[PDB]
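K.L.:
The structure under discussion is supplied below as structure tokens; questions concerning it will follow.
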Amino acid sequence: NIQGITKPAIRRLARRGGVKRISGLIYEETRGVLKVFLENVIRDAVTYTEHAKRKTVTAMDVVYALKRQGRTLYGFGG
DNA sequence: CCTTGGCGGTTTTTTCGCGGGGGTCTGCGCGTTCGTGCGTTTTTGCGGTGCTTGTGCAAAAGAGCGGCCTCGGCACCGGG
């Protein structure tokens, strides 16, 4: 379901960054880099959860993993 | 305080970037049809109470009996 990140949505995301024109081949590249980033953060959150002896990933594990990667997130109980 | 290799100014050379010009194609813009998301109400699962099913802990007398012992009576060893 990587195709679920649809073309208008990624167009909107590029548009927030101030981009005027979009190449036709860029969408697969953005899907790939988003997959890589999500893979890394999800992996770290999952092993945090497995150390915590839990079966449900909470928001704290996600914020912890992100802050450990230098991508500190405010607003979710950090 | 000694030393010398290298920065620095100067003069030739050489070469890459930008602009102009041109051409091409491809995302952008808009219209039409289709999908599949958020929003509700319904369904299945986890739990508790109440009810039902299992089960541990007074002489007296006779009759009959087993063990037993004396005894009867016999066969047998030793010798000729």
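Residues in the structure tokens are named by chain (A, B, ... in the order shown) and by number from 1 within that chain; ligands are numbered from 1 in the order shown.
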Taking only C-alpha atoms (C1' of nucleotides) into account, what are the residues of chain A at most 9 Å from chain B, put as a compact mmCIF listing (two decimals) with N, CA and C atoms, in the first residue's frame?

P.N.:
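For reference, selection09.txt as written:
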```txt
# COMPACT_ATOMS: atom_id res chain seq x y z
N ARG A 21 7.15 23.56 -9.85
CA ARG A 21 6.98 22.54 -10.88
C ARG A 21 7.52 21.21 -10.38
N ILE A 22 6.87 20.13 -10.81
CA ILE A 22 7.12 18.79 -10.31
C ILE A 22 7.44 17.89 -11.50
N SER A 23 8.55 17.17 -11.44
CA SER A 23 8.84 16.22 -12.51
C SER A 23 7.95 14.99 -12.37
N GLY A 24 7.74 14.31 -13.50
CA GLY A 24 6.90 13.13 -13.51
C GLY A 24 7.53 11.92 -12.85
```

K.L.:
Residues near residue A:6, anyone? I mean within 12 Å using only C-alpha atoms (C1' of nucleotides), not counting same-chain ones fewer than 5 positions away, as a ChimeraX atom specification.

P.N.:
/A:1,11-13,27-28,30-31

K.L.:
Next, the residues of the selection above should be written as a compact mmCIF listing (two decimals), in the first residue's frame with N, CA and C atoms.

P.N.:
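Okay, this is what ended up in result-v8.txt:
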```txt
# COMPACT_ATOMS: atom_id res chain seq x y z
N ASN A 1 0.82 -1.20 0.00
CA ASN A 1 0.00 0.00 0.00
C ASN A 1 0.86 1.26 0.00
N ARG A 11 2.02 15.86 -4.16
CA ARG A 11 2.03 17.19 -4.79
C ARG A 11 1.78 18.30 -3.77
N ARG A 12 0.80 18.10 -2.87
CA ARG A 12 0.55 19.06 -1.79
C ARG A 12 1.75 19.21 -0.87
N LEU A 13 2.38 18.09 -0.51
CA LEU A 13 3.56 18.12 0.36
C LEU A 13 4.70 18.90 -0.29
N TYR A 27 7.86 11.08 -8.08
CA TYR A 27 6.93 10.49 -7.12
C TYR A 27 7.43 9.16 -6.56
N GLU A 28 8.02 8.31 -7.41
CA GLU A 28 8.60 7.06 -6.92
C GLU A 28 9.77 7.32 -5.98
N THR A 30 10.15 10.03 -3.99
CA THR A 30 9.60 10.45 -2.70
C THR A 30 8.98 9.29 -1.94
N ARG A 31 8.30 8.38 -2.64
CA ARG A 31 7.77 7.19 -1.98
C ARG A 31 8.89 6.34 -1.38
```

K.L.:
To one decimal place in Å, what is the distance between atom CA of residue A:73 and atom CA of residue A:48?

P.N.:
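Going from atom CA of residue A:73 over to atom CA of residue A:48 covers 16.9 Å.
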
K.L.:
Could you check the closest approach to residue A:40 for each of A:10, A:5, A:68, A:17 and tell me which residue wins, using only C-alpha atoms?

P.N.:
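Among the listed residues, A:68 lies closest to residue A:40.
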
K.L.:
Please, what distance in Å, to one decimal, runs between atom CA of residue A:42 and atom CA of residue A:65?

P.N.:
8.4 Å

K.L.:
List every residue of stretch 28-62 of chain A that DSSP, applied to the backbone of this structure, places in helix (DSSP H, G or I), and write the result as a list in words.

P.N.:
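Listing helix (DSSP H, G or I) positions across stretch 28-62 of chain A yields residues 28, 29, 30, 31, 32, 33, 34, 35, 36, 37, 38, 39, 40, 41, 42, 43, 44, 45, 46, 47, 48, 49, 50, 51, 59, 60, 61 and 62 of chain A.
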
K.L.:
What separation in Å, quoted to one decimal, exists between atom CA of residue A:44 and atom CA of residue A:9?

P.N.:
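Pair atom CA of residue A:44 / atom CA of residue A:9 returns 26.4 Å.
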